[PDB]
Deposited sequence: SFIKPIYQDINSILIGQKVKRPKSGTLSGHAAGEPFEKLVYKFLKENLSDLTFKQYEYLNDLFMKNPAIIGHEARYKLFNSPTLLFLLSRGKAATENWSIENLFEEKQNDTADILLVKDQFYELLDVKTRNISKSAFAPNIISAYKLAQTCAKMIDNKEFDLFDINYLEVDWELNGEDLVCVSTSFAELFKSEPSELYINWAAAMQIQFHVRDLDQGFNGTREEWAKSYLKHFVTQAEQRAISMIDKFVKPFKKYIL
């Protein structure tokens, strides 16, 4: 992690910060995070969309999607970070990618052909804990599937940054942060909430970090968990959404 070694810097400058008072979060702190990481690690840090523009700017020779897709040099990273075929082809120097809500990552750090996908989960601390959607389980499955096919086991990490806040009035105030790597958690202990867009849910400060095996072992362990859980859900649908209503019909 390019971040972990400065968690303390990060945490020191956030606690406070004070932002000013639908499907937006409630916290602009993510912006505050980026600003910092961009500030201090300026060579390594980008919004997902910014990284793609820069990727494309640096290769004007390459027009059209199939070719701009070869600019990733990685089926798995292609999968996580790229926009659709049409948008990529229409990519133009004077027509750049903007923020898409659907983008896999919030911030993204890259040094030496290795990627840290960083997702910030903000969280109102005054309220009753509700584990937020972390990332599609189904996306992660394909992601894992893709690592194994392409033996890309030493390419990227997907990490999370929890920033907690409350309302002293007028302004929101950050009161604490947490940082966790996903590929250091025990895969079989990941909560897949199917109904909630098939998302993994957890709080970052609650997240297991004692996986000891290899990345590859992680990916295979995750697929086993995923497949196990999909079978659970299917079975669980009958008693949950079928049995209780048959009386009426």
Where are the gaps relative to the deposited sequence? 22 to 28, 257
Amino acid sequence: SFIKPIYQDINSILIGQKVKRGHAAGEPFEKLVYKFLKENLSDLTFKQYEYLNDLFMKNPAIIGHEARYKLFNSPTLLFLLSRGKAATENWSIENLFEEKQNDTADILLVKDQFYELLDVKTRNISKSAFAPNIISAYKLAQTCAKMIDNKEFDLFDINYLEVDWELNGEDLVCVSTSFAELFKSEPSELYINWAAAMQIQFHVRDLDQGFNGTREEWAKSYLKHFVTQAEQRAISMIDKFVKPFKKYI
From here on, numbers count along this sequence of modelled residues.
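Think of the rigid core as the biggest set of C-alphas that the two forms share within 1.5 Å after superposition.
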Segment of greater CA departure in 6 other deposited structures of this protein, 236 to 244 or 221 to 229, core superposed: 236 to 244
So, in 6 other deposited structures of this protein, taking the root mean square over structures and residues of the Cα distances after a rigid core fit: is 31 to 39 or 44 to 52 the more displaced stretch? 31 to 39
Please determine whether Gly22 lacks coordinates in at least a third of the other PDB entries of this protein that model its flanking residues. yes
So, looking at the entry's B-factor column for Cα atoms, which has the higher mean, 233 to 241 or 8 to 16? 8 to 16
Is the mean CA B factor in the deposited entry higher across 28 to 36 or across 217 to 225? 28 to 36
Reading the B-factor column of the entry, which of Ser82, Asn102, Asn73, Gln142 has the highest value at its C-alpha atom? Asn73
Using the temperature factors in the entry, find which of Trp91, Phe179, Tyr138, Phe130 has the highest value at its Cα atom. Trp91
Among the chain's modelled residues, which third holds the C-alpha B-factor of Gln201? lowest
Quick one: classify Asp149 as lowest, middle or highest third of the chain based on its Cα B-factor. middle
Among modelled residues of the same chain, the CA temperature factor third for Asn212: highest
Within this chain, which third does the Cα B-factor at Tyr191 fall in: lowest, middle or highest? lowest
Ranked C-alpha temperature factor of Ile125 among modelled chain residues, by third: middle
